[PDB]
Protein chains: 2
Amino acid sequence: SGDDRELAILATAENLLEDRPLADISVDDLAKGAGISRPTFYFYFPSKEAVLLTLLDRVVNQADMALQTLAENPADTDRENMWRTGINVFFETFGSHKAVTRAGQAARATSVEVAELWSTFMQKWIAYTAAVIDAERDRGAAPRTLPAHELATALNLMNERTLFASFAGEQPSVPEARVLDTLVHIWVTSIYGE
Amino acid sequence: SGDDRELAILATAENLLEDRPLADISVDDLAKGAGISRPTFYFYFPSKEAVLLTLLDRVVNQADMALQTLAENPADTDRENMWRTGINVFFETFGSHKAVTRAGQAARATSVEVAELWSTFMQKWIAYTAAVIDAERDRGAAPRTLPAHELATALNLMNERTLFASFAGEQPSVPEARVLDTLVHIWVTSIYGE
Ligand SMILES: CC1CCN(C(=O)Nc2ccc(Cl)cc2)CC1
Ligand SMILES: CC1CCN(C(=O)Nc2ccc(Cl)cc2)CC1
């Protein structure tokens, strides 16, 4: 029931974020959807902003955990497929949570905690990217061109901006149904190209 | 004097944005710096947000006009230098106006007019990028890989996110003194790589 009311608040928030921004969702809306009173809501979360932080934390950790699984279970693959399957973890995980994704990205501007969470995970994903590039260079598959960590940083920042623009249908954006091929091409050419 | 007071308001705003966000700059601060009264300020601009819109408009048009000049005067160049000199227009123009750059990007979230301005110019820069890629393909220098406009979109979005992260000293970011080489490498490998 503690778990239960908390989970219901989170599910309600994710559902309501599909139709309007967090600014237009009230605590009364969250409490009503979750089948609790307003003061009961405040037992579980201090604010609607804290609800969004918890949602984003769950989605970012879901992506991270999926990437860790993939890292433990090398799909038998060419180099291009290796990177495609990895980028796809983010494409599918965040694409399955577009409202939380969008609201989380917006909250980076106003929430130190959201900004630090995103920063922390991006640093982790960049470091892993650089470690893979380093291993591809050590095995003779990739040439020693740019500093690996700098290349990794620009490619991860490209994926952040490009994927989220595509999900939002921003003008300009890559169509969602083209974003994987687009990013994979740029990663493979920049990592393996002389 | 109309031009003059308006220019002074703009110069004051750009100076104050170097030390604090627009939210922490008052109309009294702008009027004081510009040597006018508060009601005189409102003759020239309806809000501090309108001042920022005008500043951003001037900086984006400065970049655009520089790119047009470059487009008219082909530096004699290899393909890599062609793209480096082009990316550099943005690196130098926006790097020379970091406070307006930063504040303008933040305002995209809250100002339809700022969002539309940025969108309009990004569409223009993407279309030009795609036209150059198309010409490189027509002359036999670049292979016919991704749809040119989709490639152009992802590369321009990479440059937006990467350049602005670098200017802000965001964690993560590419160091400013490495961002040109980083982006050039990714553009040249992705445009010319099979
Ligand atoms: C080994 C790497 C596989 C590819 N990868 C990514 O696609 N990064 C990524 C994707 C989406 C966002 Cl929003 C941010 C970063 C990093 C880890
Ligand atoms: C022919 C092309 C030269 C390279 N170029 C860019 O660097 N785009 C760019 C740079 C910075 C930002 Cl913030 C946004 C876009 C586009 C036009």
# chains A, B, ... in the order shown; residues from 1 in each chain; ligands from 1

$ interface_residues --of "chain B" --to "chain A" --cutoff "9 Å" --atoms "only C-alpha atoms" --output "ChimeraX atom specification"
/B:106,109,119-120,122-123,126,145-147,149-151,153-162,165,170-175,178-179,181-183,185-194

$ residues_around --residues "segment 31-38 of chain A" --least-positions-apart "2" --cutoff "9 Å" --atoms "only C-alpha atoms" --output "list in words"
residues 5, 6, 7, 8, 9, 10, 11, 12, 13, 16, 26, 27, 28, 29, 40, 41 and 42 of chain A

$ closest_atom_pairs --of "chain B" --to "ligand 2" --cutoff "6 Å" --atoms "only C-alpha atoms and all ligand atoms" --output "CSV"
residue,atom,partner,partner_atom_place_in_ligand_line,distance
B:83,CA,ligand 2,3 (C),5.8
B:86,CA,ligand 2,3 (C),4.0
B:87,CA,ligand 2,7 (O),3.6
B:90,CA,ligand 2,11 (C),4.9
B:125,CA,ligand 2,17 (C),4.9
B:128,CA,ligand 2,1 (C),5.9
B:129,CA,ligand 2,1 (C),4.5
B:156,CA,ligand 2,15 (C),4.5
B:159,CA,ligand 2,11 (C),4.8
B:160,CA,ligand 2,13 (Cl),3.6

$ residues_around --residues "residue 53 of chain B" --least-positions-apart "4" --cutoff "12 Å" --atoms "only C-alpha atoms" --output "PyMOL selection string"
chain B and resi 10+13-14+22+45-49+57-60+100-101+103-108+110-118

$ write_last_selection --atoms "C-alpha atoms" --output "compact mmCIF listing (two decimals), in the first residue's frame"
# COMPACT_ATOMS: atom_id res chain seq x y z
CA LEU B 10 20.74 46.17 -26.33
CA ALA B 13 21.37 43.72 -21.85
CA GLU B 14 24.23 41.82 -23.54
CA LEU B 22 17.62 37.23 -17.78
CA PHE B 45 10.70 47.34 -25.96
CA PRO B 46 7.63 45.81 -24.27
CA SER B 47 9.66 43.50 -22.01
CA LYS B 48 13.14 42.28 -21.19
CA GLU B 49 12.22 39.10 -23.14
CA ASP B 57 18.05 37.86 -33.93
CA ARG B 58 21.07 40.09 -34.48
CA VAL B 59 23.59 37.30 -33.59
CA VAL B 60 21.85 34.60 -35.66
CA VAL B 100 23.35 36.01 -25.81
CA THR B 101 23.86 32.45 -27.15
CA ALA B 103 20.27 33.08 -22.86
CA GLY B 104 18.75 32.64 -26.35
CA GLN B 105 18.94 28.88 -26.15
CA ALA B 106 17.27 28.86 -22.71
CA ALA B 107 14.48 31.18 -23.98
CA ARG B 108 13.53 28.57 -26.67
CA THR B 110 9.46 29.78 -22.89
CA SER B 111 9.24 31.99 -26.02
CA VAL B 112 7.45 30.89 -29.15
CA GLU B 113 9.16 33.73 -31.01
CA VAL B 114 12.67 32.58 -29.92
CA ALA B 115 11.80 28.95 -30.71
CA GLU B 116 10.53 29.91 -34.20
CA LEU B 117 13.61 32.09 -34.92
CA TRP B 118 16.02 29.28 -34.01

$ select_by_dssp --residues "segment 4-70 of chain A" --states "alpha helix (DSSP H)" --output "PyMOL selection string"
chain A and resi 4-17+27-34+38-44+48-70

$ closest_residue --among "A:30, A:71, A:65, A:176" --to "ligand 1" --atoms "only C-alpha atoms and all ligand atoms"
A:71

$ closest_residue --among "A:3, A:64, A:138, A:78" --to "ligand 1" --atoms "only C-alpha atoms and all ligand atoms"
A:64

$ decode --residues "segment 93-108 of chain A" --atoms "N, CA, C and O atoms" --output "mmCIF file, in the first residue's frame"
data_model
loop_
_atom_site.group_PDB
_atom_site.id
_atom_site.type_symbol
_atom_site.label_atom_id
_atom_site.label_comp_id
_atom_site.auth_asym_id
_atom_site.auth_seq_id
_atom_site.Cartn_x
_atom_site.Cartn_y
_atom_site.Cartn_z
ATOM 1 N N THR A 93 14.119 2.441 -25.276
ATOM 2 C CA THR A 93 13.758 2.709 -23.884
ATOM 3 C C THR A 93 13.126 4.099 -23.779
ATOM 4 O O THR A 93 12.091 4.284 -23.176
ATOM 5 N N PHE A 94 13.802 5.108 -24.330
ATOM 6 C CA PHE A 94 13.252 6.446 -24.251
ATOM 7 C C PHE A 94 12.025 6.601 -25.161
ATOM 8 O O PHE A 94 11.097 7.335 -24.824
ATOM 9 N N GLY A 95 12.012 5.909 -26.309
ATOM 10 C CA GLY A 95 10.876 5.958 -27.211
ATOM 11 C C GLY A 95 9.621 5.361 -26.594
ATOM 12 O O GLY A 95 8.516 5.731 -27.012
ATOM 13 N N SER A 96 9.790 4.443 -25.636
ATOM 14 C CA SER A 96 8.706 3.834 -24.871
ATOM 15 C C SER A 96 8.222 4.700 -23.699
ATOM 16 O O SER A 96 7.229 4.363 -23.055
ATOM 17 N N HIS A 97 8.916 5.810 -23.455
ATOM 18 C CA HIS A 97 8.599 6.731 -22.373
ATOM 19 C C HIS A 97 8.772 8.164 -22.868
ATOM 20 O O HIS A 97 9.559 8.926 -22.273
ATOM 21 N N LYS A 98 8.105 8.512 -23.976
ATOM 22 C CA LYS A 98 8.347 9.806 -24.596
ATOM 23 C C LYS A 98 7.935 10.983 -23.708
ATOM 24 O O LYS A 98 8.623 11.991 -23.693
ATOM 25 N N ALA A 99 6.836 10.842 -22.978
ATOM 26 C CA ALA A 99 6.346 11.941 -22.155
ATOM 27 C C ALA A 99 7.329 12.213 -21.009
ATOM 28 O O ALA A 99 7.637 13.351 -20.737
ATOM 29 N N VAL A 100 7.810 11.156 -20.344
ATOM 30 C CA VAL A 100 8.770 11.322 -19.253
ATOM 31 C C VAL A 100 10.082 11.886 -19.801
ATOM 32 O O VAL A 100 10.667 12.756 -19.176
ATOM 33 N N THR A 101 10.510 11.390 -20.972
ATOM 34 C CA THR A 101 11.686 11.857 -21.682
ATOM 35 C C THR A 101 11.614 13.365 -21.918
ATOM 36 O O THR A 101 12.535 14.123 -21.581
ATOM 37 N N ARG A 102 10.511 13.807 -22.517
ATOM 38 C CA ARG A 102 10.334 15.204 -22.882
ATOM 39 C C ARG A 102 10.301 16.068 -21.622
ATOM 40 O O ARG A 102 10.967 17.087 -21.544
ATOM 41 N N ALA A 103 9.499 15.652 -20.645
ATOM 42 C CA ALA A 103 9.346 16.467 -19.445
ATOM 43 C C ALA A 103 10.671 16.517 -18.672
ATOM 44 O O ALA A 103 11.043 17.558 -18.137
ATOM 45 N N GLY A 104 11.381 15.387 -18.615
ATOM 46 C CA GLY A 104 12.684 15.303 -17.955
ATOM 47 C C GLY A 104 13.699 16.230 -18.591
ATOM 48 O O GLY A 104 14.445 16.918 -17.909
ATOM 49 N N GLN A 105 13.727 16.260 -19.920
ATOM 50 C CA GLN A 105 14.692 17.117 -20.574
ATOM 51 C C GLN A 105 14.385 18.585 -20.263
ATOM 52 O O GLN A 105 15.293 19.368 -20.031
ATOM 53 N N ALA A 106 13.105 18.962 -20.272
ATOM 54 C CA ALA A 106 12.730 20.351 -20.010
ATOM 55 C C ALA A 106 13.145 20.741 -18.579
ATOM 56 O O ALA A 106 13.606 21.846 -18.335
ATOM 57 N N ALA A 107 12.955 19.816 -17.636
ATOM 58 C CA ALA A 107 13.218 20.061 -16.211
ATOM 59 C C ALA A 107 14.717 20.280 -15.957
ATOM 60 O O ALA A 107 15.068 20.809 -14.930
ATOM 61 N N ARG A 108 15.594 19.878 -16.873
ATOM 62 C CA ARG A 108 17.045 20.127 -16.693
ATOM 63 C C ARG A 108 17.301 21.622 -16.438
ATOM 64 O O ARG A 108 18.211 21.964 -15.692
#
